[PDB]
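**Q** Contents are CSV, N, CA and C atoms; file name upload_32.csv:
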chain,number,residue,atom,x,y,z
A,868,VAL,N,27.4,-70.1,-10.4
A,868,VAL,CA,28.2,-70.6,-11.5
A,868,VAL,C,29.6,-71.0,-10.8
A,869,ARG,N,30.5,-71.6,-11.6
A,869,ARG,CA,31.7,-72.1,-11.0
A,869,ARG,C,33.0,-71.7,-11.6
A,870,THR,N,34.0,-71.3,-10.7
A,870,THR,CA,35.3,-71.1,-11.2
A,870,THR,C,36.3,-72.2,-10.7
A,871,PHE,N,37.4,-72.3,-11.3
A,871,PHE,CA,38.2,-73.5,-11.1
A,871,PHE,C,39.6,-73.1,-10.5
A,872,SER,N,40.2,-74.1,-9.7
A,872,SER,CA,41.6,-74.0,-9.4
A,872,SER,C,42.4,-74.6,-10.6
A,873,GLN,N,43.7,-74.4,-10.6
A,873,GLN,CA,44.4,-74.9,-11.7
A,873,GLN,C,44.4,-76.4,-11.7
A,874,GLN,N,44.6,-77.0,-10.6
A,874,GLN,CA,44.7,-78.4,-10.4
A,874,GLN,C,43.5,-79.1,-11.0
A,875,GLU,N,42.3,-78.4,-10.7
A,875,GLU,CA,41.0,-78.8,-11.2
A,875,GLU,C,41.0,-78.8,-12.8
A,876,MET,N,41.3,-77.6,-13.3
A,876,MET,CA,41.4,-77.4,-14.8
A,876,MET,C,42.4,-78.4,-15.5
A,877,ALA,N,43.5,-78.8,-14.8
A,877,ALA,CA,44.5,-79.7,-15.3
A,877,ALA,C,43.8,-81.0,-15.4
A,878,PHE,N,43.1,-81.4,-14.3
A,878,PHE,CA,42.3,-82.6,-14.2
A,878,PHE,C,41.4,-82.7,-15.3
A,879,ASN,N,40.6,-81.6,-15.5
A,879,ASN,CA,39.6,-81.6,-16.6
A,879,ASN,C,40.2,-81.8,-17.9
A,880,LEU,N,41.4,-81.2,-18.1
A,880,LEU,CA,42.1,-81.2,-19.4
A,880,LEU,C,42.6,-82.7,-19.6
A,881,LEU,N,43.4,-83.1,-18.6
A,881,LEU,CA,43.9,-84.5,-18.6
A,881,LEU,C,42.8,-85.5,-18.9
A,882,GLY,N,41.6,-85.0,-18.6
A,882,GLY,CA,40.4,-85.8,-18.8
A,882,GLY,C,40.3,-86.1,-20.3
A,883,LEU,N,40.4,-85.0,-21.1
A,883,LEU,CA,40.2,-85.1,-22.6
A,883,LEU,C,41.4,-85.8,-23.2
A,884,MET,N,42.4,-86.0,-22.3
A,884,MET,CA,43.6,-86.7,-22.7
A,884,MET,C,43.4,-88.2,-22.5
A,885,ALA,N,42.4,-88.6,-21.8
A,885,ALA,CA,42.0,-90.0,-21.5
A,885,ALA,C,41.6,-90.8,-22.7
A,886,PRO,N,41.8,-92.1,-22.8
A,886,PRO,CA,41.7,-92.9,-24.0
A,886,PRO,C,40.3,-92.9,-24.6
A,887,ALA,N,39.3,-92.9,-23.7
A,887,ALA,CA,37.9,-92.7,-24.2
A,887,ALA,C,37.7,-91.7,-25.3
A,888,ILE,N,38.0,-90.4,-24.9
A,888,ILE,CA,37.9,-89.3,-25.7
A,888,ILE,C,38.9,-89.3,-26.9
A,889,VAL,N,40.1,-89.7,-26.6
A,889,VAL,CA,41.2,-89.7,-27.6
A,889,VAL,C,40.7,-90.4,-28.8
A,890,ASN,N,39.9,-91.4,-28.7
A,890,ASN,CA,39.4,-92.2,-29.8
A,890,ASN,C,38.3,-91.5,-30.5
A,891,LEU,N,37.6,-90.7,-29.8
A,891,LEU,CA,36.5,-89.9,-30.4
A,891,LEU,C,37.2,-88.9,-31.3
A,892,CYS,N,38.3,-88.3,-30.9
A,892,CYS,CA,39.0,-87.3,-31.7
A,892,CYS,C,39.5,-87.9,-33.0
A,893,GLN,N,39.9,-89.2,-33.0
A,893,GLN,CA,40.4,-89.8,-34.2
A,893,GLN,C,39.4,-90.0,-35.3
A,894,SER,N,38.1,-89.9,-34.9
A,894,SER,CA,37.1,-90.0,-35.9
A,894,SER,C,36.5,-88.6,-36.1
A,895,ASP,N,36.5,-87.8,-35.1
A,895,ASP,CA,35.8,-86.5,-35.1
A,895,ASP,C,36.4,-85.5,-34.1
A,896,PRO,N,36.7,-84.3,-34.6
A,896,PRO,CA,37.1,-83.2,-33.7
A,896,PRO,C,36.1,-83.1,-32.5
A,897,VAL,N,36.6,-82.7,-31.4
A,897,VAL,CA,35.9,-82.6,-30.1
A,897,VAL,C,35.8,-81.2,-29.6
A,898,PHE,N,34.6,-80.8,-29.3
A,898,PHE,CA,34.4,-79.5,-28.6
A,898,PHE,C,34.3,-79.9,-27.2
A,899,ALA,N,34.7,-79.0,-26.3
A,899,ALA,CA,34.7,-79.4,-24.9
A,899,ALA,C,34.6,-78.2,-24.0
A,900,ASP,N,33.4,-77.7,-23.8
A,900,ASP,CA,33.2,-76.6,-22.9
A,900,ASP,C,33.6,-76.9,-21.5
A,901,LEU,N,34.7,-76.4,-21.1
A,901,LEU,CA,35.2,-76.6,-19.7
A,901,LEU,C,35.0,-75.3,-19.0
A,902,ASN,N,34.1,-74.5,-19.4
A,902,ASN,CA,33.7,-73.3,-18.8
A,902,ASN,C,32.8,-73.5,-17.6
A,903,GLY,N,33.0,-72.8,-16.5
A,903,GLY,CA,32.2,-73.1,-15.3
A,903,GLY,C,30.7,-72.8,-15.4
A,904,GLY,N,30.2,-72.9,-16.6
A,904,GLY,CA,28.8,-72.5,-16.8
A,904,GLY,C,28.6,-71.0,-16.9
A,905,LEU,N,29.7,-70.2,-17.0
A,905,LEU,CA,29.6,-68.8,-17.1
A,905,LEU,C,28.9,-68.4,-18.4
A,906,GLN,N,28.5,-69.4,-19.2
A,906,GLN,CA,27.9,-69.2,-20.5
A,906,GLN,C,26.5,-68.6,-20.3
A,907,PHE,N,26.1,-68.4,-19.0
A,907,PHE,CA,24.8,-67.9,-18.7
A,907,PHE,C,24.8,-66.5,-18.1
A,908,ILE,N,25.9,-66.2,-17.4
A,908,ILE,CA,26.1,-64.9,-16.9
A,908,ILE,C,26.4,-63.9,-18.1
A,909,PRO,N,25.4,-63.2,-18.5
A,909,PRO,CA,25.6,-62.3,-19.6
A,909,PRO,C,26.1,-60.9,-19.1
A,910,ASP,N,26.9,-60.2,-19.9
A,910,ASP,CA,27.6,-59.0,-19.4
A,910,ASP,C,28.5,-59.3,-18.2
A,911,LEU,N,29.2,-60.5,-18.3
A,911,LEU,CA,30.0,-60.9,-17.2
A,911,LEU,C,31.0,-59.8,-16.8
A,912,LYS,N,31.6,-59.1,-17.8
A,912,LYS,CA,32.6,-58.1,-17.6
A,912,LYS,C,32.0,-57.0,-16.8
A,913,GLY,N,30.7,-56.7,-17.0
A,913,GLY,CA,30.0,-55.7,-16.2
A,913,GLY,C,29.8,-56.1,-14.8
A,914,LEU,N,29.4,-57.3,-14.6
A,914,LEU,CA,29.2,-57.8,-13.2
A,914,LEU,C,30.5,-57.7,-12.5
A,915,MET,N,31.6,-58.2,-13.1
A,915,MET,CA,32.9,-58.3,-12.4
A,915,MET,C,33.3,-56.9,-12.0
B,579,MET,N,18.0,-73.8,-24.5
B,579,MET,CA,19.0,-74.6,-23.8
B,579,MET,C,19.3,-75.9,-24.5
B,580,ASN,N,18.3,-76.7,-24.7
B,580,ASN,CA,18.5,-77.9,-25.5
B,580,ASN,C,17.4,-78.0,-26.6
B,581,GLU,N,17.6,-77.5,-27.7
B,581,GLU,CA,16.7,-77.5,-28.8
B,581,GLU,C,16.6,-79.0,-29.3
B,582,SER,N,17.7,-79.7,-29.3
B,582,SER,CA,17.7,-81.1,-29.9
B,582,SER,C,16.7,-82.0,-29.2
B,583,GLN,N,16.5,-82.0,-27.9
B,583,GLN,CA,15.6,-82.9,-27.2
B,583,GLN,C,14.1,-82.5,-27.5
B,584,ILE,N,13.8,-81.3,-27.2
B,584,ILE,CA,12.4,-80.8,-27.4
B,584,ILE,C,11.7,-81.0,-28.7
B,585,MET,N,12.5,-81.0,-29.8
B,585,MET,CA,11.9,-80.9,-31.1
B,585,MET,C,12.2,-82.0,-32.0
B,586,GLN,N,12.9,-83.0,-31.5
B,586,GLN,CA,13.6,-84.0,-32.3
B,586,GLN,C,12.8,-84.4,-33.5
B,610,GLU,N,8.5,-71.8,-42.8
B,610,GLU,CA,8.2,-71.9,-44.2
B,610,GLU,C,9.5,-71.4,-45.0
B,611,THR,N,9.6,-70.0,-45.1
B,611,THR,CA,10.7,-69.5,-46.0
B,611,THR,C,11.8,-68.6,-45.3
B,612,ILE,N,13.0,-68.9,-45.8
B,612,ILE,CA,14.1,-68.0,-45.5
B,612,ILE,C,14.7,-67.3,-46.7
B,613,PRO,N,14.8,-65.9,-46.6
B,613,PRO,CA,15.3,-65.2,-47.8
B,613,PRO,C,16.8,-65.3,-48.0
B,614,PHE,N,17.2,-65.8,-49.1
B,614,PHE,CA,18.6,-65.7,-49.6
B,614,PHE,C,19.4,-64.6,-49.1
B,615,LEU,N,18.8,-63.5,-48.6
B,615,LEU,CA,19.5,-62.3,-48.1
B,615,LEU,C,18.8,-61.8,-46.9
B,616,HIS,N,19.4,-62.2,-45.7
B,616,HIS,CA,18.7,-61.8,-44.5
B,616,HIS,C,19.7,-61.3,-43.5
B,617,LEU,N,19.2,-60.4,-42.6
B,617,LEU,CA,20.0,-60.0,-41.5
B,617,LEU,C,19.8,-61.0,-40.4
B,618,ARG,N,20.5,-60.8,-39.2
B,618,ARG,CA,20.3,-61.7,-38.0
B,618,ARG,C,20.4,-60.9,-36.8
B,619,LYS,N,20.0,-61.5,-35.7
B,619,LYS,CA,20.3,-60.8,-34.4
B,619,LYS,C,20.8,-61.9,-33.4
B,620,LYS,N,21.5,-61.4,-32.3
B,620,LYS,CA,22.1,-62.3,-31.4
B,620,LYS,C,21.2,-62.8,-30.3
B,621,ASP,N,21.2,-64.1,-30.0
B,621,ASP,CA,20.4,-64.7,-28.9
B,621,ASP,C,21.1,-64.3,-27.6
B,622,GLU,N,20.4,-64.5,-26.5
B,622,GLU,CA,21.0,-64.4,-25.1
B,622,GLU,C,22.2,-65.2,-25.2
B,623,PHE,N,22.2,-66.3,-25.8
B,623,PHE,CA,23.3,-67.2,-26.0
B,623,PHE,C,24.0,-66.9,-27.4
B,624,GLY,N,24.6,-65.7,-27.4
B,624,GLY,CA,25.3,-65.2,-28.6
B,624,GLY,C,25.1,-66.0,-29.9
B,625,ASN,N,23.9,-66.0,-30.4
B,625,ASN,CA,23.7,-66.8,-31.7
B,625,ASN,C,23.1,-65.9,-32.7
B,626,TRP,N,23.6,-66.0,-34.0
B,626,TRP,CA,23.1,-65.2,-35.0
B,626,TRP,C,21.9,-65.9,-35.7
Give the structure from this file in structure tokens form.
**A**
Amino acid sequence: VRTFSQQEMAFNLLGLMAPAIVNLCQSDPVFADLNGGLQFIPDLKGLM
Amino acid sequence: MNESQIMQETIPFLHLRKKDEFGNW
């Protein structure tokens, strides 16, 4: 699974800031899982 | 993981639920 640096997350975020997506938002709210796929590590807190 | 691609009778007005591996009720 993947964890991010801030510069990476900023990148990813600035991504949703890009014109493509911005127009999607104007017609429809956007969900945007920018989680490193940790959605599969269950009991993550236990693991950690 | 992707129900939408793979699949493209009665429920009781009063039901309990349980959570999926992917926290779903």
**Q** At a cut-off of 8 Å, list the chain B residues touching chain A, using only N, CA and C atoms, as a PyMOL selection string.
**A** chain B and resi 622-624
**Q** Work out how far atom C of residue 580 of chain B is from atom N of residue 903 of chain A, in Å to one decimal.
**A**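 Between these atoms lies a distance of 19.3 Å.
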**Q** Could you state the separation of atom CA of residue 870 of chain A and atom C of residue 904 of chain A in Å, given to one decimal place?
**A**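 Taking atom CA of residue 870 of chain A and atom C of residue 904 of chain A, their separation equals 8.8 Å.
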**Q** Please compute the atom CA of residue 892 of chain A-atom CA of residue 878 of chain A distance, one decimal, in Å.
**A**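 Answer for the atom CA of residue 892 of chain A to atom CA of residue 878 of chain A separation: 18.4 Å.
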**Q** May I have all residues of chain A that DSSP, computed from the backbone, assigns to alpha helix (DSSP H), given as an NGL selection string?
**A** :A and (873-883 or 886-892 or 911-914)
**Q** Near residue 897 of chain A, counting only C-alpha atoms, which residues have an atom at most 10 Å away, once you skip same-chain residues fewer than 4 positions from it, shown as a ChimeraX atom specification?
**A** /A:883,888-889,891-893
**Q** Quick one: residues within 12 Å of residue 617 of chain B, only C-alpha atoms, excluding same-chain residues fewer than 4 positions away - as a ChimeraX atom specification?
**A** /B:612-613,626
